[PDB]
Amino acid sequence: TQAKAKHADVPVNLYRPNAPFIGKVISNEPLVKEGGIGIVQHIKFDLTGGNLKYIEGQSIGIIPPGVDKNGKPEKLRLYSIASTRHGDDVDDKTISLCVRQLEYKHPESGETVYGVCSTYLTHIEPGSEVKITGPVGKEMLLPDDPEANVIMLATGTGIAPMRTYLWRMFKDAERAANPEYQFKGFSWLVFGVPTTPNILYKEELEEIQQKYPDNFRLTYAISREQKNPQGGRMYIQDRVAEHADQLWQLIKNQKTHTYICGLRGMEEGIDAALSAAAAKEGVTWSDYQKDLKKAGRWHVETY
């Protein structure tokens, strides 16, 4: 557990469930604006007093307090790290998460059911101690290649690892802190949310787009405000279909990396769109994609 640093460049499992790192909540800020749907909080934790180090694209576990319905201790839940390795204040002292409160239906006994860890995290007060494990994950890592093209397909909290890439790529303080990574490639974020007030980190994403118009393109798929051509609500798969030929042309570049993150269910529609585009040039997308995965250029993390 605490002895867990005898390997690689990528930090993994510095802390494990049997002896987690006890961090303190610094802040818990709301990301969904009035008129939006649900509760998504940006939570920042203090890492001082421990040796938790991490990089962009990784996740950490949070062990919530309490026991389940069988009286057994609650197990950890994984959350994509929402901050760069340097933390939101670029001081190498914190870590942030983007947590949506899970809440649902009646055909699952009772009435409104609240997710255990997500409700715990979203209502947590500053100063509270939290059990943190990790980091974990080697599937959503960003290439060190500054000339890479990075396609990001995200829905909801799937924006979390995207925020770590984008901040590392475009924030002034990040560029001053990472001399070795001066991004000059092209990044395209297609972000699906139900409403405008639900666009997590809207002000900052749009700020990046304004400062870097040739290096970053921002595309939204807002279901309660936009309709696709078939008359249905606009989802991320619809924007992908809309730009399938373009996305396929970018994917053909040897330097292109594609990242997919969010709730499970988005993948099938994205593949269908890219398959139709790939087919025009006599390529079977399912086969091409396996090669991309093997080459480490197709990154997916859905849950």
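Just count from 1 along the sequence shown to find any residue number.
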Selected stretch [higher average CA B-factor]: 231-239 or 257-265: 231-239
Average Cα temperature factor in the PDB entry - higher stretch of 144-152, 102-110: 102-110
211, 77, 163, 131, ranked by C-alpha B-factor: the highest one: 211
Chain third (lowest, middle, highest) by recorded CA B-factor, residue given as residue 48: highest
CA B-factor placement of residue 252, once the chain's modelled residues are sorted into thirds: middle
Among modelled residues of the same chain, the CA temperature factor third for residue 125: highest
Among modelled residues of the same chain, the CA temperature factor third for residue 272: middle
Modelled-residue ranking by C-alpha temperature factor, third containing residue 194: middle
